[PDB]
């Protein structure tokens, strides 16, 4: 069968045999199935009996598949990658959508509450078919390889009486003593949020609590959070739009270290956006947002947002699912971590099924999850109390102020690679490129580049005072050779990290459905006071390249992830990049090469 040589120019990839491009763009350090398509992650839980962390995801549009980890770095497939629960039962004859797990449930077994689907199609833009989405229970008695459906109807057969929902799915089970105290619930009551919205009103999270010890009945507590149709946090700059429908709602509570039941309450959601006029059955904008809020009561409970942002700025990033990972788990016991909230963002492989022409049968897989991320409250001290710091409707807020110093402490969402995964990514070969200051325009090669498309690059960029309000662009050119290059840079004129993919892939010239549009995410660098002098915040950059999967992290509070589908074997060189407009000081750049095998017990 056919010979592949990545030093030779590519054909139209649609002409190659099935499976011939299996390895071409495939990551080694990310969660994705053995083959085929990955959809929304869900079902994650820690098994209290074994300590193993279980992860799950929709697989091939035909149910939920799953894997375990004892270290939060590497994974073991359950049921050989085949689905632990499939459609075709009485409650879910057409489909299985997201569900979440009560780890210590019916008979002390993991108990899945999930969206069972009986009628398609389903979309916020069209009229809703009554009973199309219900919430049903299943239980695993075999260690999470098979979830057996209860032989009864759904436990939540529909939305509240006469509600004209846009959607009613993705039930997310969670505990919270702040809710308990506000609602006089029994201690350690399980809550469920269901995500969707209302036609002619707008997106919403529907809130419930268990009524009975049996998980059979769920008492409706109201739309604890809802926003008008296509409205937006602030003026729309820092947290996209609330848009036409909420999906994949997660609810959890954080402090400075990780997860805390008494901590500040957060939610992550997908929003489904669109231009006007609306194109039937099309969601053109898939925003992956996080939201901080205060929960109060005046009859019924409300979640009132006080700041919001993106969990990942990638066009193709969406549908994140996360779970409490307790300190007692196997991974946390090995690493000494406190209680955490670990979230896996989904990276759709085909633009949410809008990449017609992509050589899908050649690759024989579609999509990945991003690296597990730890979520925590992040504080930014010694920020200069000016208009940059004080902007309303943004992704941070002032929590204290020092009139004498002229400073504020800021608060925002901390987003970083989970620690055991980060350390396993840095495990191999390790070299440093010298710091330097650049004033003129162009790319300057590193003295040494990684020899393969599997690396981490870490660097600090320091900008001088004149950078503010200039047309400066500075960063790195990666995955470069004669025929290809990808540029990642910060741009002050629109306060953004940009990924320029115009030259990323030689395959995009010969083949349809290989996207080359720019990716972008907003990032403000504040003014800070250190050693008694005022300066622009250091841009602390971490780039993880995993064959075709690029994740760009910054300052412990920013992520932008995308596909970088470079063809040529030589497209591995790294250079400094600066457009010449002002100057920039690069610290020493660390490069770690090779990453690690996240699936050590797989063949491929």
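Positions refer to the first chain, counted from 1.
When the C-alpha B-factors of 341-349 and 409-417 are averaged, 409-417 comes out higher.
Look at the C-alpha B-factors of 383-391 and of 119-127. On average they run higher in 383-391. Going by the entry's values, 300 shows the largest Cα B-factor out of 216, 134, 79, 300.
Remark: of 92, 98, 151, 356, 356 shows the highest value [criterion: C-alpha B-factor in the PDB entry].
Among the modelled residues of its chain, residue 522 has a C-alpha B-factor that falls in the middle third, as given in the PDB entry. The deposited CA B-factor of residue 446 belongs to the highest third of values across its chain. The PDB entry assigns residue 198 a C-alpha temperature factor belonging to the middle third of its chain's modelled residues.
Residue-level temperature factors show residue 543 in the middle third of its chain, judged at the C-alpha atom. Looking at the C-alpha B-factors along this chain, the one for residue 286 belongs to the lowest third.
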